[PDB]
Amino acid sequence: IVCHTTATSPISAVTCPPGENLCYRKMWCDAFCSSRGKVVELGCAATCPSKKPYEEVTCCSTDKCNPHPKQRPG
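Definitions and cut-offs
Residues numbered from 1 in each chain as written, not as in the entry; some residues may be left out. Heavy atoms only, no water. Disulfide = S-S within 2.5 Å. UniProt positions renumbered as here; feature names shortened; annotations may be inferred. Buried < 20%, exposed > 50% of the residue type's maximum accessible area, 1.4 Å probe, protein only. Core = buried A, V, L, I, M, F, W, Y, C linked by side-chain atoms within 4.5 Å. Contact = heavy atoms within 4.5 Å. Helix = DSSP H or I, 4+ residues; strand = E, 2+ residues; numbered from the N terminus. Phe/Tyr/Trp six-rings, centres within 6.5 Å; stacked < 30°, edge-to-face > 60°. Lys NZ or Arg CZ within 6 Å of the ring centre and 35° of its normal.

Peer 1: Report on the UniProt feature "disulfide bond" in the protein chain, specifying residues and quantitative values.
Peer 2: Of the disulfides listed in UniProt, the one linking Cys29 with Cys33 is reproduced by the coordinates, which place the two sulfurs 1.6 Å apart. Exposure remark for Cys29: the relative accessible area of 10% places this residue in the buried category.

Set out below in structure tokens:
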């Protein structure tokens with residue numbers, strides 16, 4: 001119960017796994033930064049181990065912090 005956005009696809013608030021709040025947000029620019037941007041990771045995987053820099057990354061835990069624009073209305 002925390003991130004209410006992505007995290008393994010479009011998700012739906014899920015909030016990734018347990019951890020009891022927080023959601024490791026990663027990805028955003030696939031890797032081709034060829035525009036758009038709907039292929040992220042922000043899905044938590046414990047207690048946001050931080051991971052690495054690469055493309056995009058972060059770490060929140062205040063209700064959410066891993067959304068994503070564009071997306072798909074279906």
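That was the structure; now back to the text.
Peer 1: Could you give an account of the state of the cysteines, naming the residues involved and the relevant values?
Peer 2: What is meant by a disulfide is a covalent connection between two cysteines, made through their sulfur atoms. Counted by the stated rule, this structure contains four disulfides. There is a disulfide in this structure between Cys29 and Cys33, and the S-S distance comes to 1.6 Å. Every disulfide takes its handedness from the sign of the S-S torsion; for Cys29 and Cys33 that torsion is -130°, giving left-handed. According to the relative accessible area criterion, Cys33 is exposed, its value standing at 55%.

Peer 1: Could you give an account of the nonpolar core, naming the residues involved and the relevant values?
Peer 2: If you look at the biggest cluster of nonpolar residues, it comprises eight residues: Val2, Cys3, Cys16, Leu22, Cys23, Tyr24, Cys44 and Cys48. When near neighbours in sequence (up to four residues on either side) are disregarded, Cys48 contacts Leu22, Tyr24, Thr58 and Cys59.

Peer 1: An account of the environment of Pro17 is needed here, citing residue identities and associated values.
Peer 2: Topologically, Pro17 is positioned in the segment before β1 (27–28). On the basis of relative accessible area, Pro17 is assigned to the partly exposed category, the value being 28%. For the pair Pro17 and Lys51, spaced 34 residues apart in sequence, the C-alpha to C-alpha distance is 16 Å. In this structure, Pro17 is in contact with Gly43, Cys44, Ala45 and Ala46, ignoring residues within four places of it in sequence.

Peer 1: Before we move on, can you summarise the packing of aromatic side chains with the specific residues and values?
Peer 2: Inspection of the entire model under this criterion finds zero aromatic pairs. We note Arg25 situated over the ring of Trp28; from NZ or CZ to the ring centre the distance is 4.1 Å. Just above the ring of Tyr54 sits the side chain of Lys26; from NZ or CZ to the centre is 4.4 Å.

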